[PDB]
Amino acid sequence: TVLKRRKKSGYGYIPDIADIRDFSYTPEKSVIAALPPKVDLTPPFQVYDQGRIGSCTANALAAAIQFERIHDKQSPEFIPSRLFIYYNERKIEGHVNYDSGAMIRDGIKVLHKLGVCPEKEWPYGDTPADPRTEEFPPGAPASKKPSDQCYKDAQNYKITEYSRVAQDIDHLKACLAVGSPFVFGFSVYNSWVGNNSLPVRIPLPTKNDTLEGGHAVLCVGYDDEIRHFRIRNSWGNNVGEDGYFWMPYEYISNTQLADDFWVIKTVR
């Protein structure tokens, strides 16, 4: 029998260990009472492509940081270094020499305590783990320690706070309604990704489908007209609608399908 290695290339989310100290995102009751039918925060910067490594948490969080800098009127615009996030996440949990994936909460810890440098200073390279050893080969950009200069510059971009959003459709909508995207993790089934069919609308999984892996994305909107949330994926702009997809309300609100909804902020 060969046990199947759980796929990390293109994925990378590991469910968070719970911490009762986790801050709660508390939407204003006035906002919840008066949710609009449709929110579309899609930003102007195009999707990234995480390629063949398990960096989805860093891709989702890079985008939350890029998005917030726009809204906070911060300049210049840069793509945050995804490998800087991913390398430091694997100092906490996993290992920098393996494509282990990461918990969202640990990517958030990196942003809070270390920050993130611009991707130009620590550029992306998706050389994957060697399939025989399942270790990054020598020279793989993902296993390289960022330079001392990268760590110093990253300090200029720390977040100040982060909180969990309740897995409740009105709380997810209220978050987006006030103009805040959130990152979350979900299970991926062959009914969406099988044969790279990748429909724009993600089908609701059934017990006939197969679990393929754990993914994490930035959510940027919702539409009551079709009862889907809009997700920014990290698989390039030649899939979905320029890299974006629609996730059904019944998918995102299922505790057996999605979890680990987080908002980040940088205050002043």
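Residue indices: 1-based, along the sequence shown.
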Ranked by mean Cα B-factor in the entry, 150-158 and 91-99, top stretch is 150-158
Name the higher of the two by mean Cα B-factor in the PDB entry, 51-59 versus 36-44.
-> 36-44
Please work out which residue in 185, 181, 76, 107 has the highest C-alpha B-factor recorded for this crystal structure.
-> 76
Residue selected from 228, 215, 232, 207 by maximal Cα B factor | 207
State the tercile, meaning the lowest, middle or highest third, of residue 114 with respect to the CA B-factors recorded for its chain.
-> middle
C-alpha B factor of residue 23, ranked within the chain: lowest, middle or highest third?
-> middle
Quick one: classify residue 173 as lowest, middle or highest third of the chain based on its Cα B-factor.
-> middle
Ordered by C-alpha B-factor within the chain, which third holds residue 219? Give me lowest, middle or highest, please.
-> lowest
Ranked by Cα temperature factor within the chain, is residue 133 in the lowest third, the middle third or the highest third?
-> highest
